[PDB]
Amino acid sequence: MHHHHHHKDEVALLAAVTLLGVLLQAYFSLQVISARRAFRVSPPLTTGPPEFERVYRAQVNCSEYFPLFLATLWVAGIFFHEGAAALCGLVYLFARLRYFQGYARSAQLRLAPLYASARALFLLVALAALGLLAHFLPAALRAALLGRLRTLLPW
């Protein structure tokens, strides 16, 4: 409720990539509505020509991975480095744009941008994990050390 300082400046790159990510998903959503119109595939029903089913499955897959991306983007960028995480985030979303576009053309044209997208996601997870190790490990090691020394009143 104020507060005479804010933490916006530490997370704005993350928020910018996050917004970009949302805009990407809405774009994917518009394409599926477009494919539904082109091939007359009506709500409910998610089956039809393989083409339609590739665009629909493309959107579904991106949606499933979007929270995973968001989660690791925020943990990595808060526990490791904002800029690095934001950069991997960019690569991830661009790869995902390629994945969608390719899959719409062909199943096989989804594979390479999928591999790009997973490497970038893997990098975020690695950064996040390292960032959390740096946070918990020193206190843990010290507590272990502060337990075995005792010894005590000897040694």
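So that there is no doubt, residue numbering starts at 1 and follows the sequence shown.
- As listed in the deposited structure, the average C-alpha B-factor of 139-147 and of 19-27 is greater for 139-147.
- Remark: stretch with higher mean C-alpha B factor among 59-67 and 30-38 is 30-38.
- In the deposited entry, the Cα temperature factor of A128 places it in the lowest third of its chain's modelled residues.
- Among all modelled residues in this chain, the alpha-carbon of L45 has a temperature factor (C-alpha) in the highest third.
- Per-chain ranking of the deposited C-alpha B factor places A86 in the lowest third.
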